[PDB]
Structure formats: C-alpha cells, structure tokens
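Reading through the structure tokens given below for one structure.
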There are 2 protein chains.
Amino acid sequence: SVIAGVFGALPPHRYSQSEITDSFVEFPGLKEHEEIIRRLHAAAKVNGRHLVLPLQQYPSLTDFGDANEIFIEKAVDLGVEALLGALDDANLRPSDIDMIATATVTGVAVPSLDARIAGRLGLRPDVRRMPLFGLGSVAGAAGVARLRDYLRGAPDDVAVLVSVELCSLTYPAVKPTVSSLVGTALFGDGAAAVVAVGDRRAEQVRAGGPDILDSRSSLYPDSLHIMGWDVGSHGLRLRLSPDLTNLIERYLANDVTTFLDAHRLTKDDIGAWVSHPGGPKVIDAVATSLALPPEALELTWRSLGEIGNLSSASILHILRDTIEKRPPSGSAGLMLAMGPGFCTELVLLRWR
Amino acid sequence: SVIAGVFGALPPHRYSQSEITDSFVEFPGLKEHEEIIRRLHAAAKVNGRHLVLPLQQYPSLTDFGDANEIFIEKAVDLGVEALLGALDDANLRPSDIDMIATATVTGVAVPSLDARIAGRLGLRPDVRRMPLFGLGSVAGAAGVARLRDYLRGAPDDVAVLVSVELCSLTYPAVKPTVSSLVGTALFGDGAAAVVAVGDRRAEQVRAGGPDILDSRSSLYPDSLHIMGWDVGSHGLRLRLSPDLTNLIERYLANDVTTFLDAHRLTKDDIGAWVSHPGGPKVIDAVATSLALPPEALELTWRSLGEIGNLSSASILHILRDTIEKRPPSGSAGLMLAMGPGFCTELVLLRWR
Ligand SMILES: CC(C)(COP(=O)(O)OP(=O)(O)OC[C@H]1O[C@@H](n2cnc3c(N)ncnc32)[C@H](O)[C@@H]1OP(=O)(O)O)[C@@H](O)C(=O)NCCC(=O)NCCS
Ligand SMILES: CCCCCCCCCCCCCCCC(=O)O
Ligand SMILES: CCCCCCCCCCCCCCCC(=O)O
C-alpha cells in the first residue's frame with residue numbers, strides 16, 4: 001500500500017487562543033472559574049484554533065441533540081472537502097475508490113458519515129464502508145494502518161480514510177471540571193483525508209506519497225479510565241486522567257522497540273517522526289521516553305501551536321506537513337498515536 | 001477466509017411476546033395506546049425475546065446516561081460470552097485472534113467494546129481492533145464481509161467479529177409515536193460472535209464453517225432517511241420509514257442478480273439463504289422480489305419468532321442455525337442483510 005494523497009481541511013472561522021479564552025471566561029457559568037481557565041488555556045501551547053461555529057454562538061449550545069445535528073451536517077461538509085483535496089492530490093476521482101473508512105469521536109452519525117460522504121460524492125454504490133468510532137485520537141494512525149491491511153488483500157484497489165473531528169460541538173457536555181477545562185484549552189475543529197492505492201495500483205496511478213509497510217497496536221492492561229466519553233443527557237463528556245503522561249513515560253519506549261526490532265531498525269533509523277500532539281505534557285513525555293532531539297518533533301509542535309489538537313485529524317495534517325518538507329528519500333518514518341483504550345498505534349513508513 | 005466458529009449469547013430472562021405486551025401496556029404513559037400496541041405486537045411474528053433487564057424495570061429506565069452505562073456493563077458481558085463460545089467451537093484461544101471487529105448500533109462505548117472485550121479475555125496487546133458504529137442492521141453481513149477482506153491479505157491469520165445489540169436499553173428515547181412503537185414490537189437483546197481464519201490456517205485448525213468467497217455492498221442513493229437514529233438528550237430515537245419495504249421490492253433483485261452473475265450463478269444455485277429478519281413484511285418483500293419458495297427463508301422466520309429482531313446479531317443467529325441444519329456439502333449460501341444507508345450487503349458462502 002502506497003499513499004497517493006494527503007489533505008486537511010479546517011473551518012473558515014479562526015480565532016487566536018486568547019480571543020477564544022477572553023470570550024470563554026465570559027460564558028454562562030465560567031466566571032467563578034476564570035483563573036484556572038486562563039492558566040490552562042495559556043500552558044496549552046495552542047496559538048489559534050478553527051471553530052465550525054462563530055465563537056459568539058457557543059454559549060447557546062447547551063442542547064446535545066442540536067449539537068449533534070449540527071455535527072452531522074458540518075462534519076460531512078468538511079469530510080467532503082478534504083477527500084476532494086486528497087483525490088486531487090492523488091490525481092484521482094471518487095468513481096475510483098473501492099473502500100472508504102471514516103473516523104470520528106465527536107459525534108454520533110446513523111447512517112455513519114461514510115454513508116453520507118459517499119452519497120455526497122457519488123461514490124460507486126458497491127463501495128466497502130468502514131465507519132470506525134470509538135477509537136479517538138489514535139484513529140489517524142489506526143486508519144492508515146486499517147487501509148494498509150485492506151490494500152494487502154486488494155492490490156489493485158483504492159482506499160480512502162476520512163477523519164472528521166468537531167471538538168467544539170461537544171460543548172453541551174463541558175463543565176468547569178479540570179479535565180473538561182483541559183480539553184477546552186487544547187481542542188479545535190478540522191478534517192483530514194488520506195488516499196492510498198495497493199501495491200499493483202501504485203505505478204499506474206503514479207502514487208506520490210509514502211509507502212505504508214507495517215503498524216503495531218499496543219493496548220494497555222486496565223487503563224480504560226485513561227481516555228473516554230462519559231455519555232449522557234449532556235452529550236459526550238471528557239474523561240481525561242493525569243495518569244496519561246506517566247503511562248507514556250513508562251511504556252512507550254518499549255512499544256517502539258518491539259515494533260522496530262521486527263524490522264531490525266533503531267530509533268536512529270527514523271528519518272521523520274509523525275506524532276500526535278496530545279498537548280504540551282504528552283509531546284514532552286513522548287520526546288523524553290524515546291529521547292528524541294528537539295527537531296524530530298518540531299512539526300508536531302508547530303501543528304499544535306497553529307491549529308490546536310484536532311483529535312484524530314491532527315496526525316494527518318502533520319503527516320501532510322512532513323510529506324511537503326520532503327524528507328530524505330527512501331528513509332523511514334514513524335507515525336505514533338494514542339487514544340481511548342488506552343492504546344498506542346505505530347505506523348511504519350518509507351518516503352520517496 | 002473460512003469460518004471456524006459461530007455462537008450466539010443471550011440474556012438469561014426470555015419473555016413471551018404476550019407477557020411483554022400485557023406489561024408494556026401498563027408502562028408509565030402507555031395505556032392510552034394499548035390498542036395500537038397490541039396490534040403491532042401481535043402483527044410482528046415474534047413469539048418471545050430475551051431482555052437484558054427484568055421487564056418490570058423498563059419504566060424506570062428514563063435516563064440515557066443510566067441506559068448507556070447499563071449498556072456498556074452488559075454488552076461487554078454478553079460480547080465476551082458470544083466470543084469465547086465461538087472460539088471453543090473453532091477450538092481456538094483468545095490469544096490466537098490477530099484482529100477483532102466489533103459491532104453495535106445500540107450504545108456509545110468509548111473506549112470501544114472491542115477494546116473492553118480484548119481486555120476481558122486477554123487478547124494480545126497488539127490485536128488489531130476494528131470498531132464499527134452505524135451500519136446497524138447490515139452489520140452482521142457487513143462484518144463477515146470485512147473479515148474476509150482482512151483475511152485475504154493475511155492467510156495465516158485469525159479474525160473475529162463480535163456483534164452485540166441491546167435494543168431494550170434505548171427505552172429512554174421511546175415515546176408512543178408510530179415508528180417508535182413498531183420498534184417496541186420487534187427488537188430484542190443478544191450477541192453473536194464469528195471466528196474466521198484465513199486460507200492457509202484453514203488447513204491447520206481444520207476450519208469447519210463455510211468458506212467466505214465474496215461480498216457486495218449496495219448503498220441506495222438519497223435514502224439516508226429510511227432508517228437510523230435521531231440522536232439527542234433523550235438518547236437513540238429510532239427513525240424508520242414506512243417506505244423501506246417498497247425499496248426492497250423495487251431494488252433488491254437487481255442487487256442479487258448483479259452479484260451472482262459476476263459469479264456465474266443463479267437465485268437457484270443457492271444452497272441456503274441467510275437473511276436478516278427485519279420484519280415479517282421485510283422477509284415477505286425479500287422473498288417476494290427474489291421469487292423464492294416459503295422454505296427458502298424458514299430459519300429467518302423462526303429466528304424472528306424465537307428471539308425477536310436482534311439488529312446485526314440476528315443473521316449470525318440464523319447463520320449458526322443454518323450450519324446446524326448442514327446444507328448440502330460444496331453448495332453455495334448467501335448472506336443478505338439491510339440497514340441504515342440505506343444499503344444491502346451480500347455475502348457469498350460455500351458450505352462444507
Ligand atoms: C408493524 C409490523 C409489525 C406490521 O404491522 P401491521 O400492523 O400488520 O400493518 P402496517 O405495517 O400497515 O402498520 C400499521 C400502520 O402503521 C403504519 N406504520 C407501520 N410501520 C410504520 C413505520 N415504521 N413508521 C410509521 N408508520 C408505520 C402503517 O403505515 C399503518 O398505518 P395506517 O394504518 O395509518 O396507514 C411490522 O412488521 C412492520 O411493518 N415493520 C417494518 C419492518 C422494518 O422496518 N424493519 C426493521 C429493521 S431491522
Ligand atoms: C471548545 C470545545 C472543546 C472542549 C471540549 C473538549 C472536547 C474534545 C474532547 C475529546 C477529544 C477527542 C479525543 C479524546 C479522547 C476521547 O474522548 O475519545
Ligand atoms: C420492553 C421492551 C422494549 C424494546 C425496545 C423498543 C425500542 C427498540 C429500538 C430498536 C432500535 C433498533 C435499532 C437497530 C437496527 C438498525 O438501526 O439498523
């Protein structure tokens with residue numbers, strides 16, 4: 001399997017972090033809590049975010065059911081955008097696609113978003129669908145891996161991943177908890193989309209983007225409370241534990257070594273790191289765990305500062321940032337994600 | 001890919017269609033519509049269903065969050081039950097599984113169920129997890145078809161599908177409107193797992209089940225409203241068009257014909273039919289359009305009568321029934337499911 005295109009899309013409204021935070025302490029009911037808000041919004045190392053709605057409008061998003069309706073509607077719009085983008089990048093057409101997968105965690109669609117996306121693009125009635133849901137922040141790297149798995153049974157085939165994540169819209173569930181506030185500091189809105197072709201298909205089509213050689217999942221024992229949704233009348237409420245960072249610190253070198261020893265490669269063999277931006281404490285703990293020098297990760301940081309945490313979408317935006325800055329050809333690349341599980345996923349790549 | 005193990009798990013308490021009606025007509029807010037209730041409950045051709053919760057508890061099950069957490073607790077239980085049974089039947093062990101696909105439309109689990117089930121039975125930490133939401137009633141055929149798609153490219157592998165539908169628990173979204181009541185008369189609670197194995201590993205574990213040969217998805221354009229959920233503060237409220245049947249009548253034969261030709265076969269080279277029991281009106285419509293004899297779909301008719309509509313999991317029950325009845329060796333079976341999309345999935349099989 002060979003990546004033929006990468007494209008991200010973002011909502012038209014962008015605000016600076018402090019615009020956001022300025023309006024946000026003035027929100028219904030947050031003014032008792034304004035200091036820990038500013039403190040966290042400020043250590044978050046996000047410089048702006050995209051919002052699928054005008055900033056003005058968020059305090060009137062207290063109904064879950066309205067929020068999710070708007071999610072359906074907005075989410076397709078943007079997934080359609082990034083897929084047109086990647087297919088252009090991949091010089092291809094929707095008629096071409098033999099498998100679509102969608103990944104989200106910030107809304108509940110039925111029919112699922114791929115259904116809606118195929119409907120919109122005039123995808124071939126027989127397209128195989130794969131609506132991945134509860135995967136979270138890991139689904140960017142897991143999606144690429146699921147695609148690879150596909151194009152391994154179906155060489156001559158074309159597969160897309162689309163990821164929409166509209167983290168703003170989850171706002172009916174925000175309370176002034178530390179964990180809700182943390183994500184209030186971190187999350188933004190955006191989509192991304194990855195076209196990839198099986199090995200037979202890559203020549204004919206001229207596939208640009210890199211090879212997808214392998215992936216490994218790593219699921220942690222008794223770690224469900226690390227990341228999750230408390231789902232209810234309020235919608236989708238963050239569970240996000242402090243323990244997350246020290247797990248990484250403790251178990252992450254080993255996921256990497258086990259996955260790279262099967263290739264007889266070392267950390268030193270990675271030409272480019274493609275790593276999910278959990279936010280400052282998560283990037284550090286990565287960088288510390290595998291002891292990377294500040295530049296292996298500069299593009300993940302530069303993504304987090306620019307657009308904030310786009311959940312599963314961020315790792316693909318960032319993948320796109322690396323493909324462009326055009327790495328040492330025939331070198332190795334490692335995608336690295338984690339989400340609800342708790343799990344990690346690693347994706348082995350080789351540039352052109 | 002070759003099935004090795006199928007298994008349905010089911011909530012301990014079975015209730016009569018009649019005692020379920022006679023209790024349901026006394027539920028807070030229902031006695032006024034007793035008459036339509038009786039009429040839809042008798043009209044449905046379902047003689048008993050299992051419920052996850054005792055019957056008399058459902059009137060108190062008014063909060064989505066309470067329902068959603070009850071779901072997660074019980075769905076895991078029931079899913080690992082299904083799974084372990086399939087494994088046994090395949091004679092394999094939780095550790096041998098190299099990817100678990102997971103299937104629900106009935107609860108919102110993050111971490112996902114596959115995540116949870118995998119901790120429960122201890123699958124390897126690097127099991128490949130494939131969490132499907134939003135395929136709903138088509139998921140039983142859909143999931144078996146992505147099992148093959150996986151195993152095509154992994155001939156030594158083991159992949160499992162685990163379906164769990166706990167329709168009951170949607171009760172907080174239930175109000176006495178017609179589509180909703182139609183729901184209270186068909187849907188029951190249960191779980192199926194399939195254990196599949198790839199082509200070279202079939203020879204080894206000596207895989208008993210049907211060989212999985214092919215799949216055709218078929219997504220009907222502009223039918224996103226025929227069925228799915230209006231998701232809200234109140235939970236998962238069913239959307240179901242009275243138009244659904246009519247589209248099966250119209251568009252099914254061609255879907256079946258286009259697929260068996262590709263294969264050089266006929267409606268009548270089919271050894272056994274495994275159909276989704278969506279409604280007697282559905283089943284008729286399917287038999288009507290395919291101009292099948294009454295025997296073709298008897299196990300479906302009986303599965304409906306015996307444990308209700310179990311959304312995705314129903315077909316996998318009917319598929320275990322079918323295996324059990326042993327259709328003529330080396331003949332061809334056909335899986336046929338329908339659901340939110342609107343779509344159909346066909347799965348071509350070959351019985352031992
Ligand atoms: C309802 C059922 C039990 C049979 O019902 P029945 O009482 O013999 O006859 P009908 O289907 O005509 O239903 C009676 C009335 O309810 C209406 N109705 C039936 N299903 C309806 C729905 N899903 N939404 C709205 N109205 C519906 C009918 O239009 C009819 O109304 P009318 O008398 O006002 O014109 C059932 O078999 C059915 O029709 N369901 C469809 C199956 C389905 O959709 N599959 C589920 C997905 S797995
Ligand atoms: C401005 C609104 C953002 C504040 C609310 C944060 C909502 C996003 C939190 C979920 C992030 C998605 C992935 C994280 C883990 C998960 O729950 O799956
Ligand atoms: C006392 C018993 C009540 C039983 C449940 C009544 C409401 C059932 C709602 C069923 C929804 C079925 C959804 C799945 C199939 C689909 O969406 O594909």
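Below, chains carry the letters A, B, ... as their sequence lines are ordered, and counting in each starts from 1. Values below: all heavy atoms of this structure, side chains included; hydrogens, waters and symmetry mates excluded.
- Judged by distance alone, the side chains of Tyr150(A) and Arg152(B) never bring a donor and an acceptor atom under 3.5 Å apart.
- Residue with the most contacts toward chain A among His234(B), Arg129(B), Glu69(B), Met99(B): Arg129(B) (heavy-atom pairs, distance under 4.5 Å).
- Counting heavy-atom neighbours within 6.0 Å of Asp261(A) CG, excluding the residue itself, gives a total above 12.
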Could you give me the CA-CA distance, side-chain angles and deciding distance for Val108(B) and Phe133(A), then say whether side chain to side chain contact (heavy atoms under 4.5 Å, CB included) is met?
CA-CA 9 Å; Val108(B) 169; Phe133(A) 180 51; 3.7 Å; yes
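- Within 6.0 Å of CZ on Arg250(B) lie more than 12 heavy atoms contributed by other residues, nucleotides or ligands.
- Contact of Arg148(A) with chain B is made through the side chain alone, with heavy-atom distances under 4.5 Å.
- Counting heavy atoms of neighbouring residues, nucleotides and ligands inside a 6.0 Å radius, atom OH of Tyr220(A) exceeds 12 of them.
- Put simply, the side chain of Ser233(B) reaches to within 4.5 Å of the side chain of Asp63(A), judged on heavy atoms.
- Between chain A and the options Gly122(B), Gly232(B), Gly136(B), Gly65(B), heavy-atom pairs under 4.5 Å are most frequent for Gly232(B).
- For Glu345(A), no part sits under 4.5 Å from any heavy atom of chain B, backbone or side chain.
- For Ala118(B), the part lying near chain A is the side chain, with the backbone staying farther off; criterion is any non-hydrogen pair under 4.5 Å.
- Here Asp230(B) contributes atom CG and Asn68(A) contributes atom CG; the two are 10.0 Å apart, rounded to the nearest 0.5 Å.
- Interface summary for chain A: among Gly134(B), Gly228(B), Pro111(B), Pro340(B), the most heavy-atom pairs under 4.5 angstrom belong to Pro111(B).
- Residue contact with chain B, scored on non-hydrogen atoms closer than 4.5 Å, involves the backbone and the side chain of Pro131(A) alike.
- Once rounded to the nearest 0.5 Å, the distance linking CE of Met130(B) with CG of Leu135(A) reads 10.0 Å.
- In this structure, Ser215(A) OG and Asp126(B) CG are separated by 9.5 Å, a value rounded to the nearest 0.5 Å.
- Proximity to chain B is limited to the side chain of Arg239(A), based on heavy atoms less than 4.5 angstrom apart.
- If you measure heavy-atom distances from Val127(A) to chain B, the contacts under 4.5 Å come from the backbone alone.
- Only the backbone of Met227(A) comes within less than 4.5 Å of a heavy atom of chain B; no side-chain atom from C-beta onward does.
- With a 4.5 Å cut-off on non-hydrogen atoms, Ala109(A) touches chain B through its backbone but not through its side chain.
- Proximity to chain B (any heavy atom under 4.5 Å) is restricted, for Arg216(A), to the side chain, taken from C-beta onward.
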